[PDB]
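Engineer: Experimental coordinates for this protein are included below, preceded by the sequence.
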Amino acid sequence: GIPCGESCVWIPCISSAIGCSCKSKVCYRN
C-alpha cells in the first residue's frame with residue numbers, strides 16, 4: 001500500500017522484485 005516509484009504508464013515496475021506491483025497506474029507495495 002505504498003508507492004514504490006515507477007509509473008505503469010511507460011516504466012515497468014523494476015521494484016516488482018521487492019513485491020511492487022501496478023496499482024492505480026503506479027507501482028505499489030504494501
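Structural biologist: Received the coordinates, thanks. Numbers count the residues shown, from 1 in each chain.

Engineer: drop to CA atoms for contacts and neighbour counts, all remaining ones
Structural biologist: Fine.

Engineer: so what's the residue nearest the centre of the chain bridging to?
Structural biologist: The chain has residue 27 as the residue nearest its centroid, 1.3 Å off, counting by C-alpha atoms, centre = their mean. In this entry, residue 27 is beta-bridged to residue 22, by DSSP bridges.

Engineer: doesn't residue 7 make contact with it?
Structural biologist: Yes - contact status for residue 27 versus residue 7: in contact at 5.8 Å, counting by C-alpha atoms under 8 Å.

Engineer: sorry, back to before: if I pick the residue nearest to the centre of the chain, what's in contact with it?
Structural biologist: Under the criterion of C-alpha atoms under 8 Å, 6 or more residues apart in numbering, the contact list for residue 27 reads 3-8, 13, 15-16, 20-21.

Engineer: neighbours around residue 17, how many?
Structural biologist: For residue 17, the count of nearby residues is 8 (other C-alpha atoms under 10 Å).

Engineer: Now do the same for it: helix, strand or coil?
Structural biologist: Secondary structure for residue 17, judged by DSSP: H, G, I helix; E, B strand; the rest coil, is helix.

Engineer: Any buried residues in the strand ranked longest in the chain, and which?
Structural biologist: Secondary structure assigned by DSSP state E gives strand 2-7 as the longest strand of the chain. Neighbour-count burial for strand 2-7 flags 3-4, 6-7 (criterion: 16 or more other C-alpha atoms under 10 Å).

Engineer: try stretch 21-30
Structural biologist: Using 16+ other C-alpha under 10 Å as the test for burial, stretch 21-30 gives 21-22, 26-29.

Engineer: start to end distance for that stretch?
Structural biologist: Counting by C-alpha to C-alpha, to the nearest Å, you get 9 Å between the two ends of stretch 21-30.

Engineer: Return the residues in contact with residue 16.
Structural biologist: Counting by C-alpha under 8 Å, 6+ apart, residue 16 touches residue 27.
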